[PDB]
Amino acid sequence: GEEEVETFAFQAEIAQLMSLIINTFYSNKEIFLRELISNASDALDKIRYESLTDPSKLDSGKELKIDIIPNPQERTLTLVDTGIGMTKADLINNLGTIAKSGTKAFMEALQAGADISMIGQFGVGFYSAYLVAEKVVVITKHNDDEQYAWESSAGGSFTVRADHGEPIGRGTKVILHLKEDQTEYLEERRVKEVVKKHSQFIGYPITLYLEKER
């Protein structure tokens, strides 16, 4: 009803990127974590910076953090930040619009012998989620907008709806529904090893949750 879903097509360039990400043979999948962590960090930087001018921007939650939560029984890995969040326009229009050129350069660079690990230099690392995820759900809440859920299982489309499930207050929760072959990422020990390798110096506390059972 009010949480009625609308389905949208990805920009052509982004659909091909995502296909390339899903169908290229590439073993170093763990780079997805660096990119999602990097995104969480920039969103937290943004809200911190804006809060300096206008401190009431933190009324929706003072704490600036990242939690990484592996759940084996649901086959999900979640990354939750208390960053700036995304508006409806961001999710439907602006993120796609901005990412076209990065996507097009990335693919050109791949043709010319760059590797998929370099996705972050092109501003489009979010889509490396599909190295490991069959489906990605993003819950997000920006100040003065309402909470939204974005979802996609690739194949060229995404859905956006109002989300009246549990309030996140402010931020983004990226829920990675992992592929059957990628369950190593549902163990804290693996997640820890990847965070130490690639994201040790992030300027926010990253709590790695321990799976309650394997």
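Position 1 is the first residue in the sequence shown; the rest follow in order. What we label the rigid core is the largest C-alpha set whose atoms superpose within 1.5 Å from one form to the other.
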| item | value |
| --- | --- |
| Core-aligned Cα RMS comparison in 8 other deposited structures of this protein - stretch that moves more, 22-30 or 149-157 | 22-30 |
| Higher-deviation segment by CA RMS in 8 other deposited structures of this protein, core fitted, 84-92 or 126-134 | 84-92 |
| Selected stretch [higher average CA B-factor]: 27-35 or 55-63 | 55-63 |
| Segment of higher mean CA temperature factor, 110-118 or 69-77 | 110-118 |
| Out of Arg170, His164, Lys173, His177, highest CA B-factor residue | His164 |
| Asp90 - Cα temperature factor, lowest/middle/highest third of chain | lowest |
| Assigned third (lowest, middle, highest) for the C-alpha B factor of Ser101 | highest |
| Relative C-alpha B-factor of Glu184, binned into the chain's lowest, middle or highest third | middle |
| Relative C-alpha B-factor of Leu210, binned into the chain's lowest, middle or highest third | middle |
| B-factor third for the C-alpha atom of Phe10 within its chain | lowest |
